[PDB]
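Once you've had a glance at the structure underneath, I'll fire off some questions.
Heavy-atom basis, side chains included; hydrogens, waters and symmetry copies ignored. Below, read A as the first sequence line, B as the second, and so on, with proteins coming before strands; counting in each chain starts at 1.
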Amino acid sequence: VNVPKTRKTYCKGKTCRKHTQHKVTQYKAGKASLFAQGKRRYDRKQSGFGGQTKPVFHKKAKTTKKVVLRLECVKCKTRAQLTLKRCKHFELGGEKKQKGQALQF
Amino acid sequence: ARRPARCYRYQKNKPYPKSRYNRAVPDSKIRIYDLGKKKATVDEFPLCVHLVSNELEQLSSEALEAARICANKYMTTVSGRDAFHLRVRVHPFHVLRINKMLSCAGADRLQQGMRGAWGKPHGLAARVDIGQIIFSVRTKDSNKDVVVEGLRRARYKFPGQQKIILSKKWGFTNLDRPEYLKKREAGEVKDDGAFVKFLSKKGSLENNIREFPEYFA
Amino acid sequence: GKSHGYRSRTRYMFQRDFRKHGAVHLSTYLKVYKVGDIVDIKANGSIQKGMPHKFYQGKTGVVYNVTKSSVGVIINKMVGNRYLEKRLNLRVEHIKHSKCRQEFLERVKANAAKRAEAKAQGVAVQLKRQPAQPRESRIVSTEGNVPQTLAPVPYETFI
Amino acid sequence: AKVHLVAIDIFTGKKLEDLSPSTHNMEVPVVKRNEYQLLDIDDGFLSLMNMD
Amino acid sequence: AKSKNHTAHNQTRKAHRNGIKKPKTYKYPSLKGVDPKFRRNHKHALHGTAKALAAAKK
RNA sequence: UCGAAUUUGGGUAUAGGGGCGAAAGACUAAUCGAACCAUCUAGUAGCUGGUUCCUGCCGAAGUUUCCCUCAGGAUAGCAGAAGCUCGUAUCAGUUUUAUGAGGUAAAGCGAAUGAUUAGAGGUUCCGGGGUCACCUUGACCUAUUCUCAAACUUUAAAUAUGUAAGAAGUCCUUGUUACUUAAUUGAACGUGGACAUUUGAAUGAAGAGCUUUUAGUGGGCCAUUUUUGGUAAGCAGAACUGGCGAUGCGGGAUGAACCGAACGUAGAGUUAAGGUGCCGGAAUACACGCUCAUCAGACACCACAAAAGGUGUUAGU
RNA sequence: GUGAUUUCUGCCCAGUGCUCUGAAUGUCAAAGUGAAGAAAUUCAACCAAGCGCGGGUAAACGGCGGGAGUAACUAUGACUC
RNA sequence: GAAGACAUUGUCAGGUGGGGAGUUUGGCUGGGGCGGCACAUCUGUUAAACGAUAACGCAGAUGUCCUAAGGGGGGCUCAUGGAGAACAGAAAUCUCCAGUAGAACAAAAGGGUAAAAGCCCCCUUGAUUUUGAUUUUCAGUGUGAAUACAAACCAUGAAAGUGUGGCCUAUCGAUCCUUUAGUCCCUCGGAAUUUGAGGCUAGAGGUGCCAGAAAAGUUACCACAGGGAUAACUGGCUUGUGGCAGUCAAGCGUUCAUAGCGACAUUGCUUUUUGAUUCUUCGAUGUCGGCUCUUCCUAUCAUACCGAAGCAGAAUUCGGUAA
RNA sequence: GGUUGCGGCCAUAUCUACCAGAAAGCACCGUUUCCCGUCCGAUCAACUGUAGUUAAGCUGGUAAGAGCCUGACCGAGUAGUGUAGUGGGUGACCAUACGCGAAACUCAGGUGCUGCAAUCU
RNA sequence: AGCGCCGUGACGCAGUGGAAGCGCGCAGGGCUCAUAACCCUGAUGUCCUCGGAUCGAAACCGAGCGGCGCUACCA
RNA sequence: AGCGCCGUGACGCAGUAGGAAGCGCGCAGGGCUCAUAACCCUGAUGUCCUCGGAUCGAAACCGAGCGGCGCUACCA
RNA sequence: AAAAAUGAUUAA
Ligand SMILES: C[C@@H]1C[C@@H]([C@H](O)CC2CC(=O)NC(=O)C2)C(=O)[C@@H](C)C1
Ligand SMILES: [K+]
Ligand SMILES: [K+]
Ligand SMILES: [K+]
Ligand SMILES: [Mg+2]
Ligand SMILES: [Mg+2]
Ligand SMILES: [Mg+2]
Ligand SMILES: [Mg+2]
Ligand SMILES: [Mg+2]
Ligand SMILES: [Mg+2]
Ligand SMILES: [Mg+2]
Ligand SMILES: [Mg+2]
Ligand SMILES: [Mg+2]
Ligand SMILES: [Mg+2]
Ligand SMILES: [Mg+2]
Ligand SMILES: [Mg+2]
Ligand SMILES: [Mg+2]
Ligand SMILES: [Mg+2]
Ligand SMILES: [Mg+2]
Ligand SMILES: [Mg+2]
Ligand SMILES: [Mg+2]
Ligand SMILES: [Mg+2]
Ligand SMILES: [Mg+2]
Ligand SMILES: [Mg+2]
Ligand SMILES: [Mg+2]
Ligand SMILES: [Mg+2]
Ligand SMILES: [Mg+2]
Ligand SMILES: [Mg+2]
Ligand SMILES: [Mg+2]
Ligand SMILES: [Mg+2]
Ligand SMILES: [Mg+2]
Ligand SMILES: [Mg+2]
Ligand SMILES: [Mg+2]
Ligand SMILES: [Mg+2]
Ligand SMILES: [Mg+2]
Ligand SMILES: [Mg+2]
Ligand SMILES: [Zn+2]
């Protein structure tokens with residue numbers, strides 16, 4: 001799929017509260033960042049004797065992911081998250097379609 | 001090596017024609033449906049004799065072929081080929097299925113039983129009911145006994161009950177003989193390939209003169 | 001596996017009628033529905049918005065809500081051992097007035113008219129409908145109508 | 001059932017073997033091949049050009 | 001060992017044992033699903049007509 | 001086999017996931033693919049078996065959805081109990097009237113889409129093997145003709161199915177509003193007034209509504225009809241209804257389900273289904289015919305019969 | 001491991017295993033080192049063995065192919081692909 | 001005498017470690033296993049004209065694709081045929097006529113659509129924010145999908161109007177944990193500041209056994225609880241397959257359908273084969289054959305008496321009564 | 001009654017061939033400076049209503065016309081079907097009783113009706 | 001019975017939805033007295049059939065044909 | 001015993017989904033050679049195993065026979 | 001010290 005890098009959409013930033021211009025990027029997760037409480041609990045539980053203490057997932061079925069769009073207002077820098085359907089190929093702001101063109105083979 | 005006809009005698013299933021969902025059907029055994037002087041005109045063979053079914057069943061194409069051969073061969077041997085026209089009036093459109101099993105000692109190691117029992121096409125049958133014409137013969141009045149006994153011989157090739165009916169219609173037309181005579185004495189009948197065309201009060205007038213010209217005189 | 005989607009088994013009842021395809025005539029859109037009107041549900045297959053589910057084809061209900069292009073229809077649906085109130089949001093394409101309720105309203109006006117006349121003259125106007133009564137006596141004259149008919153007929157081949 | 005599998009690495013050319021029950025799942029890569037036109041080859045490192 | 005898959009046998013007899021009952025309509029049904037603009041109006045119309053009735057009766 | 005890798009006493013050593021094994025998973029005190037004794041320990045069991053007095057009243061389920069769910073649970077239903085608010089109704093496994101909805105049965109194919117038999121007449125700048133604008137395998141068109149469809153259809157039943165048949169109604173004024181209209185227009189809700197005892201079809205109503213809480217069940221099976229797979233099946237799988245299970249009684253000799261009819265303890269009468277030669281209660285009744293079998297026949301479910309044939313005999317065309 | 005004597009014990013080290021090097025590099029723990037921070041801490045470099053890369057080894061585990069043409073009767077195929 | 005701050009020993013860290021330990025090794029299923037997916041779904045049919053409806057029924061499809069293939073508006077009309085135009089021909093572009101869709105609309109199938117939902121062009125982001133109500137599956141739970149409003153902000157158009165993704169019917173995912181966005185808010189409990197951590201609202205990372213454990217085999221050395229809910233022997237139903245009989249009569253039999261045969265067809269019977277089924281038996285009915293011994297059946301090989309023959313005789317062949 | 005503007009039902013309105021059309025209306029029609037749009041003033045834009053024509057559109061008629069619409073004790077109470085019997089038949093199936101009931105077929109008619117507003121030999 | 005695979009130039013075989021390639025074989029010329037070797041040059045394919053989807057299939061789908069195989073266990 | 005197959009010159013092989021047969025060896029005759037062999041050309045050689053059927057027409061389709069090939073043939 | 005195989009039968 002192909003989504004533009006720029007998009008006009010509603011911004012609920014308490015100063016816009018209206019359709020403003022947004023910059024579009026893809027959401028990236030970020031580092032798991034140990035010292036999170038779940039990570040501390042997990043390290044404490046895995047210490048000592050007893051083997052593996054938690055489930056280890058194996059039965060992978062999905063091959064794609066949902067794409068999340070990170071929308072940034074250009075007036076107040078407020079951000080918003082939009083979700084798209086599953087896709088295999090995702091690209092941002094590239095190569096708008098040409099309608100009446102010969103096949104390149 | 002084909003199953004006896006009692007396995008497929010009755011119309012237990014819905015019709016199962018060759019279609020885009022079936023498309024893997026063997027060819028029917030019967031290919032010829034008109035025999036004798038099939039190009040003969042209507043007025044040449046005023047007499048019609050029918051082999052009317054008396055049971056609601058289905059007739060295999062093998063039986064249709066066998067009775068076709070028997071009736072045609074007898075009538076051709078006795079009164080020649082040009083003395084009659086035989087039209088068989090049922091087509092094997094229903095497909096029979098067989099769930100084929102192994103038939104040897106040791107079949108139990110691989111037999112699979114009644115699982116996935118949907119059968120594959122096995123043969124073709126024509127579905128007929130009470131009073132449905134199977135065979136029709138048109139000939140002259142003087143050739144009545146030959147075609148009657150030929151249809152009697154064809155009867156033994158079919159399962160169940162069948163009657164022999166002398167028609168009161170002129171040949172293969174839907175008209176009685178006296179009314180067909182009344183129509184040729186007028187200008188209401190024009191010859192065609194083997195059948196005829198009729199003149200009506202309806203339609204374009206000038207068309208009804210270019211056809212049937214000798215009427216309106 | 002089995003398939004039980006929203007529009008399954010609707011092949012023939014979401015057809016348009018033969019030689020009746022195309023656009024909808026404006027009398028569909030000029031009909032006025034009030035709350036309390038009794039309407040019949042029949043989906044127009046050419047309008048895929050506000051379309052009722054296949055269950056409600058042929059059901060008759062009461063309008064409870066009126067919106068811009070749609071009405072809210074209340075239908076009683078038998079689920080198990082009781083009827084559940086079901087509320088539908090249907091565009092007016094799939095909706096027509098119940099003609100039976102139109103004759104009921106006309107009959108109410110006619111009943112009022114009969115009672116109004118009877119209050120002045122001709123008391124005991126006897127409003128209620130009655131079922132088809134047995135016929136009374138009559139004298140069937142034969143003069144010019146002499147009875148004449150034969151017996152059953154013999155069997156003939158006709159083949 | 002179990003499946004014994006013998007396969008050659010598509011890059012290193014080495015034989016790999018593995019075995020698994022016939023009804024468990026294994027991964028299959030998303031192997032794709034692409035046409036390119038051969039420009040210069042200087043320090044190895046073939047320089048290639050796409051359909052564009 | 002396969003068992004029976006499905007049947008609606010005896011289900012109507014069970015349903016009719018305690019009868020199939022209509023949902024007992026009331027006067028003044030709930031305004032759930034009615035248009036909010038209509039509901040907002042109707043609150044003020046009811047308030048005004050009760051005010052007029054109480055003012056007249058005293 | 002019998003002079004040695006011999007046989008054997010006594011002593012001694014090796015102890016249980018340990019020993020010992022010229023190897024058999026052998027042996028380790030009648031115990032060995034992990035001894036024996038005691039304890040944890042009344043170990044756990046969705047599995048088998050059992051589960052102790054009487055009478056009275058009511059009275060099932062084998063189905064829905066979810067579950068490493070398929071011999072089990074939860075959930076809803078079916079059942080009981082406690083009742084509560086009222087006192088003939090906001091009702092109904094029914095009909096009528098009115099009004100919808102449907103695409104099956106049937107039908108149709110010289111109507112669409114597919115399938116399909118045979119000729120006829122025209123179209124070769126549409127290729128016909130043929131000689132200078134032709135009968136002579138084709139393909140196309142036109143008018144015909146034979147036969148078809150679970151996944152074709154113009155048409156289109158029967159049965160089943162929705163709704164309405166008023167007081168929470170109808171009509172007349174004029175009130176509310178921030179909704180609506182160009183508007184003092186509507187929308188919805190109202191004040192006041194009018195409508196009489198047929199308050200707006202029929203029949204019935206055994207009291208009508210309402211609530212809490214909890215049992216068992218969650219293997220089903222049979223019959224008529226519809227119906228799928230299968231050569232078929234006392235086969236496997238669905239639909240509606242009635243049954244059996246849970247149920248005796250009369251009849252079908254016998255039999256879960258068929259027919260009749262459902263059950264407190266008795267008496268009398270009358271019947272059902274089925275019968276009335278004798279077993280066996282009840283006409284070896286009456287009447288008109290048919291049948292003679294050196295393998296007659298003799299009551300539905302049901303305990304089978306076919307294609308085919310006969311100057312047997314009877315009736316008939 | 002094989003199993004008296006006799007006579008033999010062919011070919012295959014790609015896989016699995018076993019074994020032997022290098023420092024030319026990849027992976028790379030704890031401790032130690034450096035840097036940013038107020039500090040917890042974060043980042044980076046260095047980084048043993050093993051792994052990885054590369055040799056050896058079958059009386060280690062084991063393994064030990066298809067198709068086609070071709071001779072002056074055919075048939076077969078010494079030969080050839 | 002050797003050896004020496006090295007070894008050793010202690011603690012932590014990486015590797016190796018079936019030698020040993022613990023555990024697991026899905027379900028449905030005409031028994032199980034192998035196969036398949038009928039395990040979450042969608043179209044048509046089965047399905048019996050409301051709705052619902054099963055099978056390892058039938059014919060298929062889904063785990064995607066799309067900044068346009070979404071939204072609005074404008075203009076035009078498609079498949080196909082006929083007649084024509086240099087190269088150009090059956091298929092290149094151009095023109096006219098006919099053309100109810102016989103085209104196209106991402107992708108199965110069904111439905112829908114002609115001044116359009118198709119094709120081309122001009123703008124655009126409504127594929128947005130806040131929640132509630134509703135429909136389908138349904139317990140009237142969730143999830144997925146969808147319908148109609150409300151309050152905003154917008155797009156498009158002259159405007160009515162339309163637009164909360166794809167013309168409709170499929171295209172997907174809880175708890176815990178991690179992560180991001182939002183409010184710049186609440187808490188770290190002796191009082192503050194700053195890091196850090198924890199909360200509230202809303203997305204993502206995934207459970208396809210799709211209401212969502214983290215999971216390899218073998219056992220003929222085997223064990224237990226059970227099951228005739230379920231296979232393997234007998235019996236029962238069926239009789240495809242096996243075996244036997246009939247009807248017809250093309251043809252064979254020098255001449256001649258039927259002395260004897262008898263194709264193509266077709267009607268049966270039997271239970272001595274093999275299957276199908278799963279009703280009886282799993283707190284056990286001893287499971288092949290042979291040997292021994294009795295009896296029964298007849299569909300008769302021989303023997304008795306017969307009829308027929310392409311029966312001179314002989315020898316045969318067909319048939320009746322007959323076990 | 002004709003015509004026009006907007007329509008309602010959406011073929012009794014459609015289709016094929018031919019004929020006719022006072023008056024008005026509609027239409028064809030003439031032109032490109034302007035607004036606007038094209039490969040092309042052909043469509044669309046604008047101007048004139050003048051220069052011309054009913055040739056075409058449009059409206060009506062004609063046709064043993066095609067289609068479509070309505071009806072018939074035409075087929076036919078046929079096909080189908082609900083209920084019932086210890087009905088018939090070996091069975092497939094069939095009849096009867098109490099009910100409902102087609103579609104093809106044949107024949108006969110018909111071929112737009114109409115609302116608001118303006119105008120007219 | 002159920003399931004899987006293969007079919008390409010004369011032969012053995014590759015093959016990326018944009019009309020097919022390696023090795024021999026074959027053909028032409030040369031060298032040799034001649035053949036082979038050798039040298040210089042060319043050519044050879046409804047991709048098993050018949051339909052379908054796609055603008056376009058050798059590849060995808062449906063059938064039909066011909067070969068190769070696998071399962072065949074507890075009784 | 002069943003279920004599939006196949007049979008084409010003197011010898012082998014090709015048909016194909018019906019409109020009468022091709023190729024290669026062998027034979028004979030020619031061309032080359034002193035004469036041969038090899039080579040080349042040409043010709044002959046198949047009543048498609050027999051019989052029967054359906055068809056306008058069968059080596060191709062159907063049945064029988066004959067011969068050969070391949071697969072299958074209690075049971076615990 | 002590069003490579004270099006073959007040549008049908010009979011006929012003083
Ligand atoms: C596969 C990974 C983890 C998974 C999930 O946290 C796994 C389990 C872990 C656990 O122990 N208890 C749970 O309740 C969930 C999840 O959410 C996915 C999106 C991402
Ligand atoms: K089941
Ligand atoms: K249907
Ligand atoms: K184990
Ligand atoms: Mg610790
Ligand atoms: Mg540790
Ligand atoms: Mg069936
Ligand atoms: Mg939509
Ligand atoms: Mg001795
Ligand atoms: Mg052992
Ligand atoms: Mg012992
Ligand atoms: Mg009691
Ligand atoms: Mg009781
Ligand atoms: Mg039990
Ligand atoms: Mg149970
Ligand atoms: Mg019970
Ligand atoms: Mg009895
Ligand atoms: Mg009864
Ligand atoms: Mg007595
Ligand atoms: Mg040794
Ligand atoms: Mg060796
Ligand atoms: Mg470190
Ligand atoms: Mg081995
Ligand atoms: Mg272990
Ligand atoms: Mg299982
Ligand atoms: Mg599930
Ligand atoms: Mg239905
Ligand atoms: Mg968190
Ligand atoms: Mg049982
Ligand atoms: Mg048999
Ligand atoms: Mg059992
Ligand atoms: Mg027992
Ligand atoms: Mg047991
Ligand atoms: Mg015994
Ligand atoms: Mg006998
Ligand atoms: Mg020599
Ligand atoms: Zn902003």
(request) Syn or anti for K:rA60, please, going by whether the chi angle lies within 90° of 0. (result)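 Here K:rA60 takes the syn form, which means its glycosidic angle is within 90° of 0.
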
(message) Both donor-acceptor distances under 3.5 Å, either Watson-Crick or G-U wobble. Does F:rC146 meet that with F:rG281?
(response)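 WC or G-U pairing between F:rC146 and F:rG281: no.
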
(message) Between A:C87 and A:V67, is there a side-chain heavy-atom distance shorter than 4.5 Å?
(response) yes

(request) Hunt down the Watson-Crick or G-U wobble partner of H:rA304, both distances under 3.5 Å, from any strand shown, or write none. (result) H:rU321

(request) With RNA chain H as reference, determine whether C:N65 or B:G116 sits nearer its 5' end, using the nearest nucleotide of each. (result)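 Nearest nucleotide further toward 5': that of B:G116.
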
(message) Looking at H:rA204, which nucleotide sits across from it as a Watson-Crick or G-U wobble partner, both distances under 3.5 angstrom, or is there none?
(response) H:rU178

(request) Go through residues 51-65 of chain A and report each residue with a non-hydrogen atom lying under 4.0 Å from RNA chain K, sorted by number. (result)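 Under 4.0 Å from RNA chain K: no residue of residues 51-65 of chain A.
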
(message) My understanding is that a pair needs two contacts under 3.5 Å, Watson-Crick or G-U wobble. By that rule, which nucleotide pairs with H:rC224?
(response)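 For H:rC224, the partner nucleotide comes out as none, under the 3.5 Å rule.
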
(message) Please determine whether a side-chain nitrogen or oxygen atom of B:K202 lies at a distance below 4.0 Å from atom OP1 or OP2 of I:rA108.
(response) yes

(message) Counting distance alone, no hydrogens or angles: does the base of H:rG240 have a donor or acceptor under 3.5 Å from a partner atom on the side chain of B:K100?
(response) no

(message) So if I take every side-chain heavy atom of E:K32 and compare against H:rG44, H:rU134, H:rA151, which nucleotide ends up nearest?
(response) H:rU134

(request) With the side chain counted from C-beta on, respond yes when C:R82 and C:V79 share a heavy-atom pair under 4.5 Å apart, and no when they do not. (result)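 Yes, their side chains come closer than 4.5 Å.
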
(message) Between C:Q48 and H:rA117, is there a contact of a side-chain N or O with OP1 or OP2 at under 4.0 Å?
(response)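 Checking C:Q48 against H:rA117: no side-chain N or O falls below 4.0 Å of OP1 or OP2.
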
(request) Verify the stacking flag for E:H6 against H:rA54: centroid separation must be under 5.5 angstrom and the ring planes must differ by under 30 degrees. (result)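 Per 5.5 Å and 30° rule: no stacking.
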
(request) Test for a donor-acceptor pair under 3.5 Å between the base of I:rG91 and the side chain of B:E55, counting only N and O atoms. (result) yes

(message) Does a side-chain N or O of B:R115 approach OP1 or OP2 of H:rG30 to a distance below 4.0 Å, or not?
(response)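 So the side chain of B:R115 is within the cut-off, an N or O lying under 4.0 Å from OP1 or OP2 of H:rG30.
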
(request) Can you check whether any acceptor in the base of F:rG175 is under 3.5 Å from a donor in the side chain of E:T49, or vice versa? (result)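 Yes, the side chain and the base share a sub-3.5 Å donor-acceptor pair.
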
(request) May I ask which nucleotide in the shown strands pairs with I:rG41, Watson-Crick or G-U wobble, both distances under 3.5 Å? (result) I:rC36

(message) Contact between C:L127 and C:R115 at the side-chain level, heavy atoms closer than 4.5 Å - yes or no?
(response) yes

(message) Let's test this: given Watson-Crick or G-U wobble pairing with both distances under 3.5 Å, identify the partner of F:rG264.
(response)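 Per the H-bond distance test, none.
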
(request) Tell me what C:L30 touches on the nucleic acid: a base, only sugar-phosphate, or nothing, going by heavy atoms under 4.0 Å. (result)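 C:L30: no heavy atom of the nucleic acid under 4.0 Å.
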
(message) Looking at C:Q57, I'd like to know whether one of its side-chain N or O atoms comes within less than 4.0 Å of OP1 or OP2 on F:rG102.
(response)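 Checking F:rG102 against C:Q57, a side-chain N or O does come within under 4.0 Å of OP1 or OP2.
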
(request) State the pairing partner of F:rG209; accept Watson-Crick or G-U wobble contacts with both distances under 3.5 Å, and report none otherwise. (result)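 Base partner found: F:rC84.
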
(message) When you compare the ring of B:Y21 with the six-membered ring of F:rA151's base, are the centres less than 5.5 Å apart and the planes under 30° from each other?
(response) yes

(request) Looking at every strand, decide which applies to A:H19 at a 4.0 Å heavy-atom threshold: base, sugar-phosphate, or nothing. (result) base

(request) Determine: side-chain N/O of B:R9 to OP1/OP2 of H:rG268, distance under 4.0 Å, yes or no. (result) yes

(request) In plain terms, say whether B:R2 and B:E62 are close enough for a salt bridge, that is, a side-chain N and a carboxylate O under 4.0 Å apart. (result) yes

(message) Going by purine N1 to pyrimidine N3 plus the second Watson-Crick contact, or the G-U wobble pair, all under 3.5 Å, which nucleotide sits opposite F:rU271?
(response) none

(request) Classify the side chain of E:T25 and the base of F:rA168 as holding, or not holding, a donor-acceptor pair under 3.5 Å. (result) yes

(message) On the nucleotide F:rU241, are OP1 or OP2 found under 4.0 Å from the side-chain N or O atoms that E:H9 carries?
(response) no

(message) Quick check: do B:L59 and B:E57 have side-chain heavy atoms less than 4.5 Å from each other?
(response)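 The answer is yes; the side chains approach within 4.5 Å.
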
(message) Taking the nucleotide of RNA chain H with the nearest heavy atom to each, does B:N99 or B:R20 sit closer to the 5' end?
(response) B:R20

